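In this analysis, Cβ positions are derived from the backbone assuming ideal geometry, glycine residues included, and neighbour counts consider all displayed protein chains. Read-outs throughout are calculated quantities, based only on the coordinates presented, and are distinct from any laboratory measurement.
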Amino acid sequence: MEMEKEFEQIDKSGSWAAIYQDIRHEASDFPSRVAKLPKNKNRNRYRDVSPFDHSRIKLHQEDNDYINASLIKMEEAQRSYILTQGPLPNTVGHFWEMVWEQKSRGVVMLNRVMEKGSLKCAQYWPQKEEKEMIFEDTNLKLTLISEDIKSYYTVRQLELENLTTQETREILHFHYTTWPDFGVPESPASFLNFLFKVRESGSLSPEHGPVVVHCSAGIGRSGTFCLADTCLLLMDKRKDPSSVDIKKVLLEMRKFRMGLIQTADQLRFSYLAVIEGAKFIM
Ligand SMILES: O=C(O)c1ccc(Oc2ccccc2)cc1
């Protein structure tokens with residue numbers, strides 16, 4: 001069924017909440033035993049949002065290899081993503097260790113450091129060129145190289161230096177700054193504009209490690225980003241683009257991280273973003 005007609009059908013019948021609970025019901029459930037270990041309690045921002053054991057990213061250190069992050073592997077689309085929580089004051093060094101060890105090129109941030117008057121994530125990057133950051137636990141240095149502030153997003157080049165080997169890499173930081181404190185955007189154009197910028201940069205291409213994407217919990221806005229990207233890539237690839245079933249792609253993604261798409265508004269917004277993104281793709 002052409003998703004554009006499925007949309008109108010769901011919209012007219014106002015059954016978004018019903019579709020969504022159906023997804024919640026059939027989603028995968030796998031163990032998350034490492035996340036729940038007592039030694040890792042201060043490495044989870046939210047008690048109810050944990051990575052599955054089978055798909056969790058492991059830090060290349062013997063001490064404690066745990067970070068709240070998951071590898072989402074989309075086999076038909078040939079796209080991989082790491083979804084993670086916003087870093088905590090004690091996990092900023094772990095975050096940049098992961099970026100280094102997975103060879104990622106890009107970091108995608110979908111939240112503001114403060115929202116609804118509370119902190120949603122730490123300041124894990126430097127705000128001035130001459131004030132670099134050093135992470136002593138993971139032996140890394142991070143320098144701001146340039147910043148590019150647009151009305152609804154900011155782009156930054158960063159330099160990550162492995163202090164143990166003095167290798168350096170350019171990392172691109174893509175920061176969507178205008179998602180509203182409550183609800184979802186009215187239109188997907190700026191989100192759509194935002195996704196193509198990430199794509200252009202090379203950050204999603206198989207020549208690099210997987211892109212790192214985060215919001216506060218790493219499941220809601222983050223799930224919307226990778227669901228829209230993968231669905232548009234499949235409509236690109238297949239002989240029959242109308243055979244792309246967004247609900248089925250989402251259930252597939254939920255095999256790798258729990259809770260992706262947090263609200264029936266977010267589900268409806270993911271549809272809108274896809275239908276409007278199809279128009280450019282073909
Ligand atoms: O303290 C910080 O680092 C920080 C950075 C950027 C933020 O997003 C924006 C940027 C421009 C306009 C509206 C929001 C919010 C906090």
Checked region 49-90 for anything in a helix (DSSP H, G or I) and more than 17 Å from the chain's Cα centre (by Cα); matches are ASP53, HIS54
Could we say that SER190 is touching a residue at least 12 places away in the same chain (Cβ under 8 Å), within 12 Å of the ligand (Cβ to nearest atom) and over 16 Å from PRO87 (Cα atoms) here?
no
Where a residue in region 118-137 is over 18 Å from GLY93 (Cβ atoms) and its partner, wherever it lies, is polar (S, T, N, Q) and more than 12 Å from the ligand (Cβ to nearest atom), with Cβ under 9 Å and at least six apart
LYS120/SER216; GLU129/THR143; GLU129/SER146
Which of the strands (runs of 3 or more DSSP E) found entirely inside region 91-168 contain at least 2 residues meeting this: within 16 Å of the ligand (Cβ to nearest atom)?
106-109, 140-149, 153-162
Checking the condition touching a residue at least 40 places away in the same chain (Cβ under 8 Å), hydrophobic (A, V, I, L, M, F, W, C), within 21 Å of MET253 (Cα to Cα) and away from the ligand (no atom under 16 Å from the Cβ), which residue from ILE57, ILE67 passes?
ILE57
Only one of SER55, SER70 is out of contact with any helix residue (DSSP H, G or I) (no Cβ under 6 Å at 6 or more places or on another chain) and under 19 Å from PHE256 (Cβ atoms). Can you tell me which?
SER55
